[PDB]
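See below for the structure under consideration.
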Amino acid sequence: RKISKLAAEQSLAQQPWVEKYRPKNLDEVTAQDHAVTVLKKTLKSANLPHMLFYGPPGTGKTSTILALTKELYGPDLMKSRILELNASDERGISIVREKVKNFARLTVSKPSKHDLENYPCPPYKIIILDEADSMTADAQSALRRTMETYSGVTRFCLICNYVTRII
Amino acid sequence: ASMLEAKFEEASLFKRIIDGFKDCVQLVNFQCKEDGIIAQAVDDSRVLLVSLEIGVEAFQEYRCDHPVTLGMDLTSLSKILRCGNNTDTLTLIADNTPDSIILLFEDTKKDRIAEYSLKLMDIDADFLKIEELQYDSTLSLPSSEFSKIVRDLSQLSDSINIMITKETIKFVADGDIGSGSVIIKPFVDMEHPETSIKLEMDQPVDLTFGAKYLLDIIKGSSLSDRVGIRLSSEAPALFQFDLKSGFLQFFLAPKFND
Amino acid sequence: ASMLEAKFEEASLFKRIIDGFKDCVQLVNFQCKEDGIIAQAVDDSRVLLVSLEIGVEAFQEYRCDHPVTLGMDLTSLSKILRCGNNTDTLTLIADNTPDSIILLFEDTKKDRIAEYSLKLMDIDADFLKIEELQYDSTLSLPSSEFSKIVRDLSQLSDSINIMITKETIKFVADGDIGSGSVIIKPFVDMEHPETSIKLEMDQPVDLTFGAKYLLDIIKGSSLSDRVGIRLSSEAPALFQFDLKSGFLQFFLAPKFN
Amino acid sequence: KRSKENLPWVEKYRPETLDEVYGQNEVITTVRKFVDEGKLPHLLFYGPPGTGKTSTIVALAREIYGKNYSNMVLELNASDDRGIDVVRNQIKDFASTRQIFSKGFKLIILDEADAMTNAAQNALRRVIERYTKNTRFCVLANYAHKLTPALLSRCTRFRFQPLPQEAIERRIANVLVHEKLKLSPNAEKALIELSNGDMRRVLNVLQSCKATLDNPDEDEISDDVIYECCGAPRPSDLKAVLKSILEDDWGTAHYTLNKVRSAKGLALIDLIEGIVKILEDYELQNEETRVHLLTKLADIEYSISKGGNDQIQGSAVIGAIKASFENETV
Amino acid sequence: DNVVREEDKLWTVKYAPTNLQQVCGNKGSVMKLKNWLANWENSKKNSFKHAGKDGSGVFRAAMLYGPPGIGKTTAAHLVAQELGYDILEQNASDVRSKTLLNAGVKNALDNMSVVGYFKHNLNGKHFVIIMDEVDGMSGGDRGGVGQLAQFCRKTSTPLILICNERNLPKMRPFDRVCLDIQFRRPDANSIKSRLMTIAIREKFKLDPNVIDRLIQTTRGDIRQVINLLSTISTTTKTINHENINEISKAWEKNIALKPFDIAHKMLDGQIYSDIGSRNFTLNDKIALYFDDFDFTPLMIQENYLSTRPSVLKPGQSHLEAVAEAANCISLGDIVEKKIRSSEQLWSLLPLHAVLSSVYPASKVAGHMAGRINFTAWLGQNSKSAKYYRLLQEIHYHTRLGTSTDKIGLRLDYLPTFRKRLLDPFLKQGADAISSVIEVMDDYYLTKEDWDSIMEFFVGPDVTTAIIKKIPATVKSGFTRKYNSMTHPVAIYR
Amino acid sequence: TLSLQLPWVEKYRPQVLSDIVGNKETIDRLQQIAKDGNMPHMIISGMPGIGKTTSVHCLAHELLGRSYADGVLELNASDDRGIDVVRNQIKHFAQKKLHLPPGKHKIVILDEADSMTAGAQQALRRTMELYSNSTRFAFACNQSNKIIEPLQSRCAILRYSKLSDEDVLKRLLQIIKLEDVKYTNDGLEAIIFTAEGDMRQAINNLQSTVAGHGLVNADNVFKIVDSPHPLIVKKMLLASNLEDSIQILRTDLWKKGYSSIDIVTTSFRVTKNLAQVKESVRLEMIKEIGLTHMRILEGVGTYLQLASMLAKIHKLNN
DNA sequence: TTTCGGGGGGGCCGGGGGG
DNA sequence: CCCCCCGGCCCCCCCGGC
Ligand SMILES: Nc1ncnc2c1ncn2[C@@H]1O[C@H](COP(=O)(O)OP(=O)(O)OP(O)(O)=S)[C@@H](O)[C@H]1O
Ligand SMILES: Nc1ncnc2c1ncn2[C@@H]1O[C@H](COP(=O)(O)OP(=O)(O)OP(O)(O)=S)[C@@H](O)[C@H]1O
Ligand SMILES: Nc1ncnc2c1ncn2[C@@H]1O[C@H](COP(=O)(O)OP(=O)(O)OP(O)(O)=S)[C@@H](O)[C@H]1O
Ligand SMILES: Nc1ncnc2c1ncn2[C@@H]1O[C@H](COP(=O)(O)OP(=O)(O)OP(O)(O)=S)[C@@H](O)[C@H]1O
Ligand SMILES: [Mg+2]
Ligand SMILES: [Mg+2]
Ligand SMILES: [Mg+2]
Ligand SMILES: [Mg+2]
């Protein structure tokens, strides 16, 4: 048989409280103002740097990056402007040299009139490497010049629990 | 689908143009202006430069409101182009500050439409105005003859020596299993001018080129039945194939003589 | 550039001759004398012998001051020859104590000259003497038909058996996937004698040969319309293709009974 | 890519000419002399992160060739394929062929060459030797042990030092002029201290500090702003923690450590590093004290690197310091 | 035609043996090979089923093996020519993959020689297929080594294979298909006449007393000895004791040791003394480890308890040194795990060398008390893998009925299954068969699962003797009853 | 500037066997072979920059002369040298016919042969054996162990020793006279000391010092050539007081920009080669250094870890 | 034994070109 | 319309320190 699809609000209502109350915007992040203020200023400065979020479990790193991408682009343009890779993905040196580099060199997706009228829409895309501390040293080394060369259209965000794992 | 719209009466033509240099360069910036389209790309080894020009006369319809640069990967473009048939018109469509280029194959007789999209890329390569040069020697000959000579001499060696002297062109190749030398002299036929071999020498010339680059260059013989070669000691060799309203040019650097 | 000067009015003939046996023997010694060119080469497996004769009549301006021997690898020679043209005239030039041979492609209609040099090989292969032998079976059949039968039977087994009896020729191939047979009888037609299968069987014959060797041999079918097969009781089988003034022969040792 | 103002400061302030590279005066002078007299050898720039190696080589290429250097040089880095096949074909072809545009010599820049395979490095030897008449090679590295001895034998070595105080000060002054920013002397000293000779850290921290100010056109960057943005301890906090550890009883030391950390949510590792820096200057009567301090604190840092219980680690730091300093009496 | 002057040729060619008697050393092997090839025809007449006095009549292929430069190829060609066979030779310069092997020499196994027919001995028309440098082929299946082993069983003509290392894993397919002929390093006496003749012919002075040294330099390589003489005589026309040491040191053949030799050397106490360590340095010991970095640690861990140490510190018992060595070996195992991880930290290999081999050996170095043994860890690991596979199969057969993991199945369930599956046969004989089958059906167990279960128990509960003691009739009836019924399936594939 | 000055390692590359310094006996043997020909298969081994490629090329040139272009086949690590190459190109070269004087042969020079695959080496065996009447093989390598034993059996072994300071000084003086370089004895001593027996390194450093400063004295040489860090590491490990070792670590290595991984690897090597310390003490030192190396590879590369390593070494030594 | 990554070598497959 | 050449994936085996 088949079941009628549930609404997003109804689905979230019956989710575990950790997922149900995940912050939806930067104002909902609780006690990370020393960084959240800097991130919020980018909505106007439009010069977001490469980011390395690091901290112990359950402090709000993934929530913070998701909320930042939402605020920057909007629910319509986020997907086209974001490439997310985490520990559940393949992230070998070949992947870094081909897929990540190919996405980094692409022209940014075209914003619509509504997107421009309602969101900052900075002229760059975002590559999120969550759980970056699981990546090998050689794969990390393959990212060095890619980050610098295509910084005009791409910005990287690495997230980790153990900062020493990052070269 | 307004800013840039260019119509090819036959998609086969554009497919041939792309095939002429898709094996030389991989990443190309096509600059479209009100006067037409121009592309210029340097291969990875930095030894060969490809320069393509297509005028408005090559198109049934052409409208480019403002100049636009489109960065493309030639392999992907060739893959999309091989989809079209030989009886379909091909429309290239782009919008303001585009992120992609639309290729539209149309068959009015069968009322069939096929639309493909290719995402563009941020290529930070600036077109380099190739200043005109006074070449020591200028020759022209049928494309098939030059391609045959190149393919025959590439079997023997990885380097081919071209020497121009008074009314004579010699192609030499010395290798491990033997050597080969082909002599061609200027000649004109009034019954078959397309087969004429023409030479004009101000100074003698002697250059050496990599065989693989010449093998790639000769792939442009499908665009023009004749090929022109301009050679100078202090300049790169220029191989030109003439299109109806444009041209395809290969600037090849010779090997260091040492 | 005068010791040996051999001119083919057509470069296609020599290229076809080489292609006839370029897939079986790599290094070949060509002995050029005032009477023409002769070559003898043994395959790597040492069961197939290729003999080539080219008479002076086949050439246009054959000239040889004194006997010369030229050792050549057939791959390089084929690569050189593919640079020519059928209409072009092909001249072979060799000098005294030559380390290389010159191949000259000339075009009469145009003024285009193509000169190539081929480095000679140091080959120390012995020359075997093949004495005329009286075979108990001799069959002449179209080259295309022989090649077709050989190719069809090679698809089943690695070996093919040929059995010759009174006005009857049988080719069998039994392998693992299956078996196949082909039967022919002598036939002659006045209107089309070129398809006339002719058989002369002094005594019945039965032999077996390797499929790969026969596949190599049948590559000479492009040189002669007909092929002559001579078989003896316990002697190598002779497959001959006739040329304008020469021959190409393959002596194939059979498989032990 | 709408404007250079949209770039991160680490890229917006990339030097474009050799005159904009600070803190490497000896290397810059020597290489400029090499280029001026046409005596450029094969080069090996070795140094730690963010010292100016890539910037220097790009500026040198621009000086040699001008604005169109990009089409006149062959640049390969760790993000590109550089296997033995690439050496055999692409590098070899570039090194053996004349320039398309001009008649000058050819430059191959192997950035991050310490990531190249041993086979490719070995293949590079005869390419470097054979075509030295018309081609030059530059190799950049942070780790010299990944470079084969044969390659090092063929190169002239230049070491990029950690950036001195004066160079960082001058670049900070230039950035402040460009950005219309105000910086306090104490904040500047703290920024230099946390830089550790890496210019990228200075630029990133300064950008964050500017983002932190309510009115950057009028508010001045104080040391408080730096410590807030970086979430780092103040020197006073480190002094108080160390004094409590070395003077008070266990209850007081534990209370003081917890209070200091909770005031601004400091990380234990930062406190450990600061206290180690302070203790290096302390004069110890017994070598055993220094031995115990170093070994125990290194063990604690290694344990922290893998996570673990923060409170137990803090108590371990306190106990290690007390036990080590009990050796200064007898 | 131009010929080559003898003065232009290498001494090895200029003095190559011309008949079998000039071959120095290995006379027995040469005679054995010659007799084998001489009676190969008779062996064929008997279908290779009757073995003679030498027992070589049951082999269609001969396999000659020995160290480099001792006369393997020379002897093979000489025997082939002496008996009048036509030689078909293949070597590492040729393509001997499975495809080429089947398309090439395969057709020559039962084929006549055209050369042997046009050159006319009764064997002249028959081939002798010589496959030289068999160890020089790479690959497991596409290489064609197994294909050659298969050829060795059905060849209709003599086949001689030559290699250098007969004990390599790649040589496994040739286990017992060919007559193995071993060529050993020839001693100085078997060659002294040859070198003296070469010296007098070449007009240079050579002292006999140093010949034994020269061979020691070349490790019995006659070709290398001749090369050494040719090279040295170019400038030094007299070879005596005044210059033997320098020549030997300059030309010494440095070959990697094998695991047994590595273990013997590393565990010798002399090298760990002041003088010994100064002569054999720590770097030399690390290099010795690197001769075979995969096997050296296993050898050391296998043999470090079988020594009489001579490096014991005062007040230290053998047991304490053994304990220190074991601790270091454990640390080396940790380092090894680090090396073979996802980070591929091969740069740690030298450290491993110290922790796994050098340090424990230095702790227990001395004199070997008994024979040096090959590591038993590999076989035990394979056996454990097999038993774990069987345990997993049993567990997933019984998963539907039980509540546990495989470890719990082994530790807890298996004894009770023993009581309810094996004990009844030992008490009620055949009358229990049904019950046992019932239990099996309740847990989807098969006969193979029954045997595997019985194979797990250790200590007092070993079942082999008990199972063998069961009457054969009871087991036959059990098998009959199990095969005479329908049984369920836990996993439907 | 778009012009290049030819390096002195190439301008003054020896062209004859008499211009090569060091390994006198082997050079004389090569000279005699070139005189009388009959060159055998040879393997030349040695450390970098001592004149192996130079020796082989000079021998080939002096042996062949005008026939050099036709009778020499050179292959190195920058060329394709797979099993297919050995089976086709090298075999064709060996089989090729070439008229040479009564005592000369064709030469195949396989430079950097230690990088060749085992398959190609195996394929070379019978090619060397069958065509030795017209072709001879010269291998040049750094590690002769990589050459399979069957190939070593067929060749003549020539192990090149390291150049002494006297030969290096002689060659440097020759080049200086040819270039009219102004120098001081201390400058040449520093160049030789930093060269460590590598003639190529010595000449490169001399040329760089002349280009950058003109006068070849101690100061300019040390400004161009840095003191090798292995010696600094040895001084660090041999220090008696922990404070002295820490001071050396901080001031001479860490503040100069040397990476922690480089420091720990160099410490391991120096400790391994410290013949002045008892082997057992060296083994304990290596255990501690390996612990620190594993920690650094894990990502914790800090001055504190290296200081702790030094403290543990001093504790062991006391 | 073997947890990535690089390199090499051999086997098919299929596009294109030629006849 | 069919056969052959030759570029490209695809699979499988083997080091990995100095
Ligand atoms: N600063 C925070 N503010 C509000 N909720 C938070 C915060 N941090 C964690 N949470 C809550 O815990 C949930 C998980 O937050 P995350 O952003 O996933 O933490 P995290 O640092 O990414 O965890 P790791 O590093 O993957 S273990 C959120 O959905 C929130 O419900
Ligand atoms: N000497 C310097 N002078 C001015 N800015 C510098 C200097 N060094 C680094 N920077 C700044 O930091 C940025 C990076 O400099 P780089 O030249 O890329 O350092 P790097 O040594 O190449 O880093 P690695 O070795 O790839 S981690 C530059 O764009 C500058 O903004
Ligand atoms: N027993 C021997 N007596 C005399 N000379 C020998 C002897 N063995 C080897 N040689 C000499 O060394 C040369 C080579 O001998 P080979 O028969 O090729 O030895 P090999 O065992 O086959 O070496 P490999 O396996 O190919 S490395 C001979 O031509 C002789 O000159
Ligand atoms: N014995 C020498 N005498 C004179 N110059 C030498 C000598 N050795 C090296 N050189 C000089 O250094 C340059 C390089 O010498 P090479 O012969 O290439 O050393 P190499 O041993 O072959 O180096 P590798 O093993 O390939 S790293 C020569 O061109 C000479 O200029
Ligand atoms: Mg998270
Ligand atoms: Mg850099
Ligand atoms: Mg042999
Ligand atoms: Mg060299």
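The basis for the numbers below is simple: all heavy atoms, side chains too, and nothing from hydrogens, waters or symmetry mates. In what follows, chains are A, B, ... by sequence order, proteins preceding strands, each numbered from 1.
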message = Counting only Watson-Crick and G-U wobble pairs whose two distances fall below 3.5 Å, is H:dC10 partnered with G:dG10?
response = yes

query = Using a cut-off of 4.0 Å on non-hydrogen atoms, how would the nucleic acid contact of D:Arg82 be classed: base, sugar-phosphate, or nothing?
reply = nothing

inquiry  = Taking any heavy-atom pair under 4.0 Å as a contact, classify A:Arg91: base, sugar-phosphate, or nothing.
reply    = nothing

query = Atom CG of B:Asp23 and atom P of H:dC6: how far apart are they, to the nearest Å?
reply = 17 Å

remark   = Ranking H:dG16, G:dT1, G:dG5 by distance to the side chain of A:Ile93, first place goes to G:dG5

message = For the OG1 atom of E:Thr296 and the CD1 atom of E:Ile262, what is their distance to the nearest 0.5 Å?
response = 4.0 Å

task = Side chain of E:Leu349 only, please: which of H:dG16, G:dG8, G:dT3 is the nearest?
result = H:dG16

query = For E:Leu351, which of F:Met294, F:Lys287, F:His293 qualifies under side chain to side chain contact (heavy atoms under 4.5 Å, CB included)?
reply = F:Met294

inquiry  = For a quick check of understanding: with a heavy-atom distance under 4.0 Å over all strands, which category does E:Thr99 fall into, base, sugar-phosphate or nothing?
reply    = sugar-phosphate

message = Whether the side chain of F:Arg282 engages the backbone of F:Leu274 through a donor-acceptor N/O pair (distance < 3.5 Å, no angle test) should be reported.
response = yes

request  = Please check the phosphate of H:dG17 (OP1 and OP2 only) for any side-chain N or O of E:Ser347 closer than 4.0 Å.
outcome  = no

task = Using a heavy-atom cut-off of under 4.0 Å over every strand shown, decide if F:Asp84 touches base, sugar-phosphate, or nothing.
result = sugar-phosphate

ask   = So, north or south for the sugar of G:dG9, given that a negative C1'-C2'-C3'-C4' angle means south?
value = south

key: For E:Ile329 against E:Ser356, the heavy-atom pair lying closest together   = CG1-O, 4.1 Å

ask   = Between H:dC14 atom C1' and E:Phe293 atom CZ, what is the distance in whole Å?
value = 11 Å

request  = Can you tell me, in whole Å, how much space there is between the P of H:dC1 and that of G:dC13?
outcome  = 24 Å

key: H:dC18 - base-pair partner by Watson-Crick or wobble geometry, distances under 3.5 Å   = none

message = What's the closest nucleotide to the side chain of E:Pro350 if the choices are H:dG17, G:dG8, G:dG11?
response = H:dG17

ask   = Taking for each residue the nucleotide of DNA chain H with the nearest heavy atom, is it E:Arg142 or D:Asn118 whose nucleotide lies nearer the 5' end?
value = E:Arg142

message = Can you identify which nucleotide, out of H:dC18, G:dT3, G:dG16, has its nearest atom closest to the F:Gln143 side chain?
response = H:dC18

task = With heavy atoms under 4.0 Å as the rule, sort E:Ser138 into base, sugar-phosphate or nothing.
result = nothing

message = Of the options G:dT3, H:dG17, G:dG8, whose atoms approach the side-chain atoms of D:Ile84 most closely?
response = G:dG8

task = Starting from P on H:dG17, measure out to CD1 on F:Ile286 and report it in whole angstrom.
result = 18 Å

ask   = At under 4.0 Å, does any side-chain N or O of D:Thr117 touch on OP1 or OP2 of G:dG7?
value = yes

ask   = When the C1' atoms of H:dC15 and G:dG5 are considered, how many whole Å apart are they?
value = 11 Å

ask   = What's the verdict on salt bridge (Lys or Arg N to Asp or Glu O under 4.0 Å) for E:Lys98 and E:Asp141, showing C-alpha distance, side-chain angles and the deciding distance?
value = CA-CA 8 Å; E:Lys98 204 158 67 214; E:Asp141 199 0; 2.8 Å; yes

Watson-Crick or G-U wobble mate for G:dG17, both contacts under 3.5 Å = H:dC3

inquiry  = Please check this pair: side chain of F:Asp114 against backbone of F:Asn142, looking for a donor-acceptor N/O pair closer than 3.5 Å.
reply    = yes

task = For residues E:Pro350 and F:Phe268, determine if any side-chain heavy atom of one lies less than 4.5 Å from a side-chain heavy atom of the other.
result = yes

remark   = Whole-Å distance, E:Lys170 NZ to H:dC13 P, equals 12 Å

remark   = Taking G:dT3, G:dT1, G:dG5 as options, the one with an atom nearest any side-chain atom of A:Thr136 is G:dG5

ask   = May E:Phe290 be described as stacking on the base of H:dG17, applying a 5.5 Å centroid limit and a 30° limit on plane angle?
value = yes

ask   = Taking for each residue the nucleotide of DNA chain G with the nearest heavy atom, is it F:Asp80 or B:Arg151 whose nucleotide lies nearer the 5' end?
value = F:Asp80

request  = Let me know the distance between CG of E:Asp135 and P of H:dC14, rounded to the nearest Å.
outcome  = 14 Å

request  = Just label G:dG18 as syn or anti from its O4'-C1'-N9-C4 or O4'-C1'-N1-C2 angle, using within 90° of 0 for syn.
outcome  = anti

query = Step by step, would you call B:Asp19 with B:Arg16 a salt bridge (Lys or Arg N to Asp or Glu O under 4.0 Å)?
reply = CA-CA 5 Å; B:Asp19 285 346; B:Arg16 311 217 316 291; over 6 Å; no

message = Expressed as a whole number of angstroms, how long is the span from B:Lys148:NZ to G:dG18:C1'?
response = 14 Å

request  = Would you mind telling me which of H:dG16, G:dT3, G:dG11 lies closest to the side-chain atoms of E:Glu336?
outcome  = G:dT3

key: Rounded distance (Å) that lies between atom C1' of G:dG8 and atom CG of D:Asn122   = 16 Å

key: Spacing of the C1' atoms in G:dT1 and H:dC18 (rounded, Å)   = 26 Å

inquiry  = Which is more 5' along DNA chain G, the nucleotide nearest E:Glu343 or the one nearest E:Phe295? Just name the residue.
reply    = E:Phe295

message = Roughly how many Å apart are G:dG11 and H:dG8, using the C1' atom of each and rounding to a whole number?
response = 13 Å

side-chain N/O A:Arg97 vs G:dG6 OP1/OP2, d < 4.0 Å = yes

ask   = How close or far is atom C1' of G:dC4 from atom CG of E:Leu345, stated in whole angstroms?
value = 11 Å

